[PDB]
Structures are given as structure tokens and as C-alpha cells.
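K.L.:
Pasting query-v9.cif below, which is mmCIF, C-alpha atoms and all ligand atoms.
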data_protein
#
loop_
_atom_site.label_atom_id
_atom_site.label_comp_id
_atom_site.auth_asym_id
_atom_site.auth_seq_id
_atom_site.Cartn_x
_atom_site.Cartn_y
_atom_site.Cartn_z
CA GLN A 10 -40.88 30.97 -8.01
CA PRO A 11 -38.63 27.92 -7.51
CA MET A 12 -39.85 25.31 -5.02
CA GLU A 13 -36.30 25.00 -3.73
CA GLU A 14 -32.89 26.57 -4.25
CA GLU A 15 -29.60 25.42 -2.77
CA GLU A 16 -25.99 26.41 -3.32
CA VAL A 17 -23.91 23.41 -4.35
CA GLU A 18 -20.12 23.36 -3.97
CA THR A 19 -17.82 21.05 -5.92
CA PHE A 20 -14.41 20.13 -4.50
CA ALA A 21 -11.58 18.20 -6.11
CA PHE A 22 -10.35 15.17 -4.19
CA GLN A 23 -6.77 15.41 -2.95
CA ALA A 24 -4.60 13.62 -5.52
CA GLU A 25 -3.80 10.46 -3.56
CA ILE A 26 -7.43 10.04 -2.51
CA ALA A 27 -8.49 10.29 -6.15
CA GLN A 28 -5.92 7.61 -7.01
CA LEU A 29 -7.18 5.34 -4.26
CA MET A 30 -10.79 5.72 -5.37
CA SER A 31 -9.88 4.84 -8.95
CA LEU A 32 -7.98 1.76 -7.80
CA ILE A 33 -10.89 0.64 -5.63
CA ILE A 34 -13.78 1.25 -8.02
CA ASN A 35 -12.01 -0.24 -11.04
CA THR A 36 -10.04 -3.19 -9.71
CA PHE A 37 -11.44 -6.69 -9.34
CA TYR A 38 -11.45 -8.00 -5.79
CA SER A 39 -12.97 -11.31 -4.69
CA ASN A 40 -13.89 -10.12 -1.18
CA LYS A 41 -15.87 -6.93 -1.84
CA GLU A 42 -18.25 -7.69 1.03
CA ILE A 43 -15.78 -6.13 3.47
CA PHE A 44 -17.21 -2.73 2.55
CA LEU A 45 -20.03 -3.27 5.03
CA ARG A 46 -17.65 -4.11 7.88
CA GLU A 47 -15.69 -0.92 7.19
CA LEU A 48 -18.76 1.33 7.09
CA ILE A 49 -20.15 -0.23 10.26
CA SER A 50 -16.72 0.24 11.87
CA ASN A 51 -16.88 3.93 10.90
CA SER A 52 -20.36 4.24 12.42
CA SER A 53 -19.14 2.58 15.62
CA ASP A 54 -16.25 5.04 15.88
CA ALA A 55 -18.63 7.97 15.36
CA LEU A 56 -20.89 6.53 18.06
CA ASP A 57 -17.93 6.11 20.42
CA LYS A 58 -17.20 9.81 19.96
CA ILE A 59 -20.63 11.22 20.78
CA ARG A 60 -20.82 8.77 23.69
CA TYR A 61 -17.49 10.01 25.04
CA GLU A 62 -18.74 13.59 24.85
CA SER A 63 -21.97 12.71 26.68
CA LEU A 64 -19.96 11.31 29.60
CA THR A 65 -19.23 14.83 30.82
CA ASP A 66 -22.00 16.67 28.97
CA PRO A 67 -25.36 14.83 28.86
CA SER A 68 -26.91 17.68 26.87
CA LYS A 69 -24.83 16.31 24.00
CA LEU A 70 -27.58 13.71 23.69
CA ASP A 71 -30.42 16.23 23.46
CA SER A 72 -30.34 15.40 19.74
CA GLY A 73 -31.04 11.75 20.56
CA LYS A 74 -30.00 9.29 23.25
CA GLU A 75 -30.21 6.05 21.29
CA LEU A 76 -26.82 4.96 19.98
CA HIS A 77 -27.28 2.48 17.14
CA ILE A 78 -26.73 1.48 13.52
CA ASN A 79 -29.46 0.80 10.93
CA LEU A 80 -28.97 -1.03 7.63
CA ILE A 81 -31.57 -0.20 4.98
CA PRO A 82 -31.72 -2.04 1.63
CA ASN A 83 -34.03 -0.57 -1.01
CA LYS A 84 -34.32 -2.82 -4.07
CA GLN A 85 -36.50 -0.33 -5.92
CA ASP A 86 -33.84 2.40 -5.67
CA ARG A 87 -31.02 -0.15 -5.74
CA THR A 88 -29.58 1.48 -2.63
CA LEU A 89 -28.13 0.15 0.60
CA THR A 90 -28.04 2.77 3.34
CA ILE A 91 -26.08 2.59 6.59
CA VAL A 92 -27.44 4.98 9.24
CA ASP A 93 -25.90 5.82 12.60
CA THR A 94 -26.63 8.23 15.45
CA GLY A 95 -22.97 9.03 15.98
CA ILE A 96 -21.38 12.45 16.40
CA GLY A 97 -21.86 13.36 12.76
CA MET A 98 -19.87 15.86 10.73
CA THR A 99 -19.81 19.63 10.40
CA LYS A 100 -19.44 21.08 6.90
CA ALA A 101 -15.73 21.60 7.50
CA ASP A 102 -15.55 18.01 8.73
CA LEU A 103 -17.12 16.79 5.49
CA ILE A 104 -14.74 18.75 3.30
CA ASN A 105 -11.60 18.17 5.36
CA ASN A 106 -12.11 14.56 6.39
CA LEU A 107 -13.95 13.16 3.38
CA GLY A 108 -11.88 14.35 0.46
CA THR A 109 -9.56 17.34 0.42
CA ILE A 110 -6.99 16.43 3.06
CA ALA A 111 -4.90 13.32 2.51
CA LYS A 112 -3.85 11.44 5.63
CA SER A 113 -0.57 9.52 5.59
CA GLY A 114 -2.59 6.31 5.48
CA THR A 115 -3.82 7.02 1.96
CA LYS A 116 -0.50 6.62 0.14
CA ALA A 117 0.58 4.06 2.73
CA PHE A 118 -2.37 1.81 1.92
CA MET A 119 -1.81 1.90 -1.84
CA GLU A 120 1.84 1.12 -1.13
CA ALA A 121 0.76 -1.81 1.04
CA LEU A 122 -1.48 -3.22 -1.71
CA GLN A 123 1.34 -3.08 -4.25
CA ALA A 124 3.55 -4.78 -1.64
CA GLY A 125 1.10 -7.68 -1.53
CA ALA A 126 -1.33 -6.71 1.23
CA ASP A 127 -5.08 -7.27 0.95
CA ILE A 128 -7.89 -4.73 0.41
CA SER A 129 -9.49 -6.07 3.60
CA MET A 130 -6.77 -4.20 5.53
CA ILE A 131 -8.00 -0.82 4.32
CA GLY A 132 -9.50 -0.01 7.72
CA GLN A 133 -6.12 -0.13 9.43
CA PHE A 134 -4.95 2.72 7.21
CA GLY A 135 -7.85 4.91 8.25
CA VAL A 136 -9.48 5.14 4.82
CA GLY A 137 -12.07 2.40 4.99
CA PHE A 138 -14.87 4.75 3.92
CA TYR A 139 -13.66 4.54 0.33
CA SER A 140 -14.19 0.76 0.26
CA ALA A 141 -17.80 1.82 -0.38
CA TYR A 142 -16.82 2.07 -4.04
CA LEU A 143 -16.07 -1.64 -4.19
CA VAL A 144 -19.84 -1.98 -4.57
CA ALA A 145 -21.25 1.50 -5.25
CA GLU A 146 -21.07 3.61 -8.41
CA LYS A 147 -22.19 6.63 -6.40
CA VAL A 148 -22.12 7.41 -2.69
CA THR A 149 -24.28 10.00 -0.94
CA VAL A 150 -23.51 10.95 2.66
CA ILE A 151 -26.11 12.80 4.73
CA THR A 152 -24.81 14.06 8.06
CA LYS A 153 -25.91 16.13 11.05
CA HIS A 154 -23.64 17.34 13.85
CA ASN A 155 -24.82 19.02 17.07
CA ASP A 156 -25.34 22.78 16.74
CA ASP A 157 -24.96 22.51 12.96
CA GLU A 158 -27.10 22.19 9.83
CA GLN A 159 -27.66 18.95 7.92
CA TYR A 160 -25.39 18.49 4.87
CA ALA A 161 -25.25 16.17 1.87
CA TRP A 162 -21.90 15.01 0.44
CA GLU A 163 -21.85 13.13 -2.88
CA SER A 164 -19.41 11.59 -5.36
CA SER A 165 -19.42 9.14 -8.25
CA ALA A 166 -15.62 9.26 -8.01
CA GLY A 167 -13.88 10.60 -11.10
CA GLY A 168 -12.03 13.24 -9.13
CA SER A 169 -14.55 15.44 -7.30
CA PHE A 170 -17.39 15.49 -4.78
CA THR A 171 -20.20 17.92 -3.99
CA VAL A 172 -21.45 19.46 -0.76
CA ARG A 173 -24.81 21.11 -0.16
CA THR A 174 -27.29 21.78 2.64
CA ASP A 175 -29.84 18.98 2.99
CA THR A 176 -33.43 19.75 3.96
CA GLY A 177 -34.98 16.47 2.84
CA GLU A 178 -35.74 14.56 6.03
CA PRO A 179 -34.19 16.01 9.21
CA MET A 180 -31.96 13.68 11.22
CA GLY A 181 -31.55 14.21 14.95
CA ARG A 182 -27.81 13.58 14.77
CA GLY A 183 -25.40 11.26 13.01
CA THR A 184 -24.55 10.07 9.53
CA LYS A 185 -26.30 8.25 6.71
CA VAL A 186 -24.24 6.63 3.96
CA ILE A 187 -26.35 5.89 0.89
CA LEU A 188 -24.74 3.40 -1.48
CA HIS A 189 -26.09 3.50 -5.03
CA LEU A 190 -25.01 0.00 -5.95
CA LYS A 191 -23.32 -1.16 -9.15
CA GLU A 192 -25.60 -3.30 -11.31
CA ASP A 193 -23.73 -6.54 -10.54
CA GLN A 194 -23.54 -5.87 -6.80
CA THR A 195 -27.25 -6.06 -5.96
CA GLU A 196 -26.70 -9.16 -3.83
CA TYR A 197 -26.00 -6.82 -0.92
CA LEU A 198 -29.66 -5.83 -1.04
CA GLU A 199 -30.71 -9.35 -0.05
CA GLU A 200 -31.56 -10.06 3.58
CA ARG A 201 -29.64 -13.33 3.82
CA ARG A 202 -26.51 -11.69 2.40
CA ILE A 203 -26.62 -8.70 4.76
CA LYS A 204 -27.22 -10.98 7.72
CA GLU A 205 -24.35 -13.38 7.01
CA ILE A 206 -21.86 -10.56 6.42
CA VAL A 207 -22.82 -8.82 9.67
CA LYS A 208 -22.60 -12.12 11.55
CA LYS A 209 -19.23 -12.87 9.98
CA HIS A 210 -17.41 -9.54 10.26
CA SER A 211 -19.22 -7.29 12.73
CA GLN A 212 -19.56 -9.75 15.59
CA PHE A 213 -17.86 -7.45 18.10
CA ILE A 214 -19.52 -4.10 17.39
CA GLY A 215 -20.82 -2.75 20.68
CA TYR A 216 -24.00 -1.10 19.40
CA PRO A 217 -27.36 -2.44 18.20
CA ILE A 218 -27.44 -3.12 14.46
CA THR A 219 -30.92 -3.25 12.96
CA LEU A 220 -32.16 -4.18 9.49
CA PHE A 221 -35.00 -2.22 7.92
CA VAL A 222 -36.12 -3.74 4.61
CA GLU A 223 -37.53 -0.82 2.60
CA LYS A 224 -40.33 -1.18 0.02
CA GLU A 225 -42.37 1.70 -1.41
CA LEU A 226 -45.93 0.48 -1.77
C1 LIG A 301 -14.72 7.23 10.82
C2 LIG A 301 -14.68 8.57 10.11
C3 LIG A 301 -13.74 8.74 9.05
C4 LIG A 301 -13.64 9.96 8.34
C5 LIG A 301 -14.48 11.05 8.68
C6 LIG A 301 -15.43 10.91 9.72
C7 LIG A 301 -15.57 9.68 10.47
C8 LIG A 301 -16.62 9.54 11.61
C9 LIG A 301 -16.06 9.93 12.99
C10 LIG A 301 -16.44 11.40 13.17
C11 LIG A 301 -17.77 11.52 12.45
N1 LIG A 301 -17.85 10.40 11.51
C12 LIG A 301 -18.99 10.25 10.68
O1 LIG A 301 -19.96 11.01 10.69
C13 LIG A 301 -19.07 9.09 9.74
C14 LIG A 301 -18.31 9.09 8.53
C15 LIG A 301 -18.37 7.98 7.65
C16 LIG A 301 -19.20 6.87 7.98
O2 LIG A 301 -19.23 5.82 7.12
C17 LIG A 301 -19.96 6.86 9.17
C18 LIG A 301 -19.89 7.98 10.05
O3 LIG A 301 -20.65 7.92 11.19
#
Mind turning the file's structure into C-alpha cells?
P.N.:
Amino acid sequence: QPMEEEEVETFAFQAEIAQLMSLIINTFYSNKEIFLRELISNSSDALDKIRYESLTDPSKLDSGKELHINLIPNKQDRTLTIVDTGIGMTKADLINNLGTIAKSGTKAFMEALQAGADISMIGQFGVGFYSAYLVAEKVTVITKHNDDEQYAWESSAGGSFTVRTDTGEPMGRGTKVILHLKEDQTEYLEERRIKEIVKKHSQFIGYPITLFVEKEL
């Protein structure tokens, strides 16, 4: 009878990760724009990985040979999406690497901030993904790894995230980070803003970065 039915799992964030997310989403910072640099850096790393694999196994690219990053503002949905065709994440990858396992860099980073370091350094501690919450009230991550199903990860912070199978629109391979922006952060939906931040901070990314301005007609 139902059109669709999907099992949804809810996981608690590891304690230090939950602390970091609260610090990030609540604290005032003057340089929030660095979130885009961090997410693009993540995409680049994921692209480096699938590329490495394809060096010895070309069939790794059967799911798509183009290695690139797309930025997609949607003013109607108030979302900014960063899409890449990197190696993507398995379900275990999602759960392990985006929430439940703390890396040493998590506590280290919060220690660094209290010691006077800047939020812009977050990427050096290996947790730059969470800078997304500088500007987003909710983040949705859609991801597809070779040989695996497509999954959707989601969290509005507050201590937990969900995982479920995603059947919406099939990706060949890679990861899509959908930022549901805070009301006062909608500037990052504007073309001039996206362009100047990419020019300023992502100068040396070795993959094509393309803007797609989305409007439902
Ligand atoms: C960098 C990183 C940190 C933690 C977990 C996974 C990753 C990368 C490398 C392996 C797969 N992966 C992604 O799918 C991915 C994730 C977030 C993101 O914003 C863009 C992405 O492409």
C-alpha cells in the first residue's frame, strides 16, 4: 500500500564530535566562509582516492570517468549542495567516519581553539566536514561507493544523525553534501559570493569546479 518504505537508523555522535558540533553551530565566527574550502578539500581528497585506485584498476571508473566537483545553490530550497565524483562511502564508512568514531584530531582541535587557534585551521585536524554547521542548520549527505548501494546521512546536530538507503536520484559514484542553510547565511547562495570564495581559497584544487545555479520553473 505505501508508495515507499525504508528502514531508518539513528546513531548517537561520539561525545567529542557532539561537543565540536555544538561549539561550531553555536559560536560566532567572523570567517564562516571557510566551510566551502573545507568541503571542497574533502571532495578533492575523495577524488584523489578513486583516482589512485583507477591507476591499477581502470574498471574502478566504470561508475564514471569524470573527476570533478559541482557547486549547486538553490535559493528556493535555501540549499547549497557540493557534489563530487570521488570514491564515495560505504554504509560502514558513513557510520564510522562521519560520526561514531572520534579521531584524535577532534579533541585536539577543540584544545587548539581554546589555546587561541583559529577555526580556519579545522582542516588540519581532519574534521573539516563539521565546519558545514558554521552555515547550515541541517546537513544531508548522499553517497555512493562502488559495488554498494546509495545511502543518505543526515543531522541537524543535537547529538545524533540518521542513515538510510537513498533511492531518490541514482548517482554513478561519489558524494553529495546538501547544506540546508541558516536563515542569515543565505549569502552563500549568491553567485558572486560563491565565485569569490572559490577564487580566494580553492585556487589550487586540481579538479574542475563547476557552478550550477538551480531554479525550479
Ligand atoms: C574527507 C573525508 C572525511 C571523512 C569521511 C570521508 C571523507 C572522503 C574520503 C573518502 C570518501 N569521502 C567522501 O565521500 C566525502 C565525505 C565528505 C565530503 O564533504 C566529501 C566527500 O567526497
K.L.:
Using all atoms listed in the file, find each residue in range 87-163 of chain A having at least one atom no more than 12 Å away from range 14-17 of chain A; report its shortest atom-to-atom pair and that distance in Å (one decimal), rows by chain then rising number, as a tab-separated table.
P.N.:
residue	atom	partner	partner_atom	distance
A:160	CA	A:17	CA	10.6
A:161	CA	A:17	CA	9.6
A:162	CA	A:17	CA	9.9
A:163	CA	A:17	CA	10.6
K.L.:
For residue 63 in chain A, find every residue with an atom within 12 Å (counting only C-alpha atoms), except residues of its own chain fewer than 6 positions away, and show them as an NGL selection string.
P.N.:
:A and (56-57 or 69-76 or 95-96 or 155)
K.L.:
Dump as a VMD selection string all residues having an atom at most 12 Å from (-24.1, 16.0, 13.4), computed in the file's coordinates with all atoms listed in the file.
P.N.:
chain A and resid 55 to 56 58 to 59 69 to 73 93 to 103 150 to 161 179 to 185
K.L.:
Given all atoms listed in the file as the basis, pick out the residue of A:114, A:12, A:33, A:86 nearest to residue 192 in chain A.
P.N.:
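Of the candidates, the smallest distance to residue 192 in chain A is held by A:86.
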K.L.:
Which is closest to ligand LIG 301 (chain A) among A:65, A:212, A:164, A:106, if we use only C-alpha atoms and all ligand atoms?
P.N.:
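Of the candidates, the smallest distance to ligand LIG 301 (chain A) is held by A:106.
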K.L.:
Using the file's own x, y and z axes, what box holds all listed atoms of range 167-179 of chain A with 4 Å on each side, keeping edges along x, y and z, and what are its centre and edge lengths in Å to one decimal, as AutoDock Vina command-line options?
P.N.:
--center_x -23.9 --center_y 16.2 --center_z -0.9 --size_x 31.7 --size_y 19.2 --size_z 28.3
K.L.:
Just give me the gap between atom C5 of ligand LIG 301 (chain A) and CA of residue 105 in chain A in Å, one decimal is fine.
P.N.:
8.4 Å
K.L.:
Please provide the set of residues having any atom within 12 Å of residue 200 in chain A, restricted to only C-alpha atoms, with same-chain residues fewer than 2 positions apart removed, written as a PDB file with C-alpha atoms, keeping the file's coordinate frame.
P.N.:
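As a result, out.pdb now contains:
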ATOM      1  CA  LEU A  80     -28.970  -1.030   7.630  1.00  0.00           C
ATOM      2  CA  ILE A  81     -31.570  -0.200   4.980  1.00  0.00           C
ATOM      3  CA  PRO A  82     -31.720  -2.040   1.630  1.00  0.00           C
ATOM      4  CA  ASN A  83     -34.030  -0.570  -1.010  1.00  0.00           C
ATOM      5  CA  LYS A  84     -34.320  -2.820  -4.070  1.00  0.00           C
ATOM      6  CA  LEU A  89     -28.130   0.150   0.600  1.00  0.00           C
ATOM      7  CA  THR A 195     -27.250  -6.060  -5.960  1.00  0.00           C
ATOM      8  CA  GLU A 196     -26.700  -9.160  -3.830  1.00  0.00           C
ATOM      9  CA  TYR A 197     -26.000  -6.820  -0.920  1.00  0.00           C
ATOM     10  CA  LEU A 198     -29.660  -5.830  -1.040  1.00  0.00           C
ATOM     11  CA  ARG A 202     -26.510 -11.690   2.400  1.00  0.00           C
ATOM     12  CA  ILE A 203     -26.620  -8.700   4.760  1.00  0.00           C
ATOM     13  CA  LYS A 204     -27.220 -10.980   7.720  1.00  0.00           C
ATOM     14  CA  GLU A 205     -24.350 -13.380   7.010  1.00  0.00           C
ATOM     15  CA  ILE A 206     -21.860 -10.560   6.420  1.00  0.00           C
ATOM     16  CA  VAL A 207     -22.820  -8.820   9.670  1.00  0.00           C
ATOM     17  CA  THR A 219     -30.920  -3.250  12.960  1.00  0.00           C
ATOM     18  CA  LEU A 220     -32.160  -4.180   9.490  1.00  0.00           C
ATOM     19  CA  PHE A 221     -35.000  -2.220   7.920  1.00  0.00           C
ATOM     20  CA  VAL A 222     -36.120  -3.740   4.610  1.00  0.00           C
ATOM     21  CA  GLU A 223     -37.530  -0.820   2.600  1.00  0.00           C
TER      22      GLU A 223
END
K.L.:
From the options A:166, A:64, A:136, A:21, which residue's atoms come nearest to residue 115 in chain A, counting all atoms listed in the file?
P.N.:
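Nearest to residue 115 in chain A: A:136.
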K.L.:
Leaving out residue 191 in chain A and any residue of its chain fewer than 5 positions from it, which residues lie within 10 Å of it when counting all atoms listed in the file, given as a PyMOL selection string?
P.N.:
chain A and resi 34+87-88+142-147
K.L.:
Of the residues A:107, A:201, A:175, A:123, which is the one nearest to residue 27 in chain A, using all atoms listed in the file?
P.N.:
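So, comparing all the options, the nearest one is A:107.
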K.L.:
Would you work out the distance separating CA of residue 79 in chain A from CA of residue 194 in chain A, expressed in Å to one decimal?
P.N.:
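Here the two named atoms are 19.8 Å from each other.
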K.L.:
Using all atoms listed in the file, pick whichever of A:132, A:177, A:215, A:168 has the shortest atom-to-atom distance to residue 48 in chain A.
P.N.:
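Comparing A:132, A:177, A:215, A:168 against residue 48 in chain A, the winner is A:132.
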K.L.:
Output as a compact mmCIF listing (two decimals), in the coordinates of the input: range 198-222 of chain A, completed with N, CA and C atoms.
P.N.:
# COMPACT_ATOMS: atom_id res chain seq x y z
N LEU A 198 -28.32 -6.29 -1.38
CA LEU A 198 -29.66 -5.83 -1.04
C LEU A 198 -30.49 -6.96 -0.43
N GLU A 199 -29.96 -8.18 -0.48
CA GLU A 199 -30.71 -9.35 -0.05
C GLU A 199 -30.50 -9.59 1.44
N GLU A 200 -31.58 -9.94 2.13
CA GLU A 200 -31.56 -10.06 3.58
C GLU A 200 -30.56 -11.11 4.05
N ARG A 201 -30.51 -12.25 3.37
CA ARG A 201 -29.64 -13.33 3.82
C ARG A 201 -28.17 -12.91 3.68
N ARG A 202 -27.88 -12.10 2.66
CA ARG A 202 -26.51 -11.69 2.40
C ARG A 202 -26.05 -10.69 3.47
N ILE A 203 -26.91 -9.71 3.75
CA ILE A 203 -26.62 -8.70 4.76
C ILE A 203 -26.42 -9.36 6.11
N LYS A 204 -27.31 -10.29 6.45
CA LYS A 204 -27.22 -10.98 7.72
C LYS A 204 -25.92 -11.78 7.89
N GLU A 205 -25.52 -12.52 6.87
CA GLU A 205 -24.35 -13.38 7.01
C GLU A 205 -23.05 -12.57 7.07
N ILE A 206 -23.03 -11.42 6.41
CA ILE A 206 -21.86 -10.56 6.42
C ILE A 206 -21.72 -9.82 7.76
N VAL A 207 -22.84 -9.42 8.34
CA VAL A 207 -22.82 -8.82 9.67
C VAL A 207 -22.41 -9.84 10.73
N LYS A 208 -22.95 -11.05 10.62
CA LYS A 208 -22.60 -12.12 11.55
C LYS A 208 -21.11 -12.43 11.46
N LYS A 209 -20.59 -12.44 10.24
CA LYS A 209 -19.23 -12.87 9.98
C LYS A 209 -18.18 -11.84 10.41
N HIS A 210 -18.45 -10.56 10.13
CA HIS A 210 -17.41 -9.54 10.26
C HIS A 210 -17.65 -8.50 11.35
N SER A 211 -18.90 -8.35 11.79
CA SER A 211 -19.22 -7.29 12.73
C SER A 211 -19.65 -7.84 14.08
N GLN A 212 -19.20 -9.06 14.37
CA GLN A 212 -19.56 -9.75 15.59
C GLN A 212 -19.36 -8.89 16.84
N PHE A 213 -18.29 -8.10 16.86
CA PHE A 213 -17.86 -7.45 18.10
C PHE A 213 -18.16 -5.95 18.16
N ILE A 214 -19.08 -5.49 17.32
CA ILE A 214 -19.52 -4.10 17.39
C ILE A 214 -20.42 -3.92 18.60
N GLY A 215 -20.14 -2.89 19.40
CA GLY A 215 -20.82 -2.75 20.68
C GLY A 215 -22.04 -1.86 20.64
N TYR A 216 -22.75 -1.85 19.51
CA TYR A 216 -24.00 -1.10 19.40
C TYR A 216 -25.02 -1.95 18.67
N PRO A 217 -26.31 -1.72 18.94
CA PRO A 217 -27.36 -2.44 18.20
C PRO A 217 -27.22 -2.19 16.70
N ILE A 218 -27.37 -3.24 15.91
CA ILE A 218 -27.44 -3.12 14.46
C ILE A 218 -28.78 -3.67 14.01
N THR A 219 -29.57 -2.85 13.32
CA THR A 219 -30.92 -3.25 12.96
C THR A 219 -31.16 -3.15 11.46
N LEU A 220 -31.79 -4.18 10.90
CA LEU A 220 -32.16 -4.18 9.49
C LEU A 220 -33.55 -3.60 9.32
N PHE A 221 -33.69 -2.68 8.37
CA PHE A 221 -35.00 -2.22 7.92
C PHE A 221 -35.11 -2.47 6.42
N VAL A 222 -35.91 -3.46 6.03
CA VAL A 222 -36.12 -3.74 4.61
C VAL A 222 -37.13 -2.74 4.04
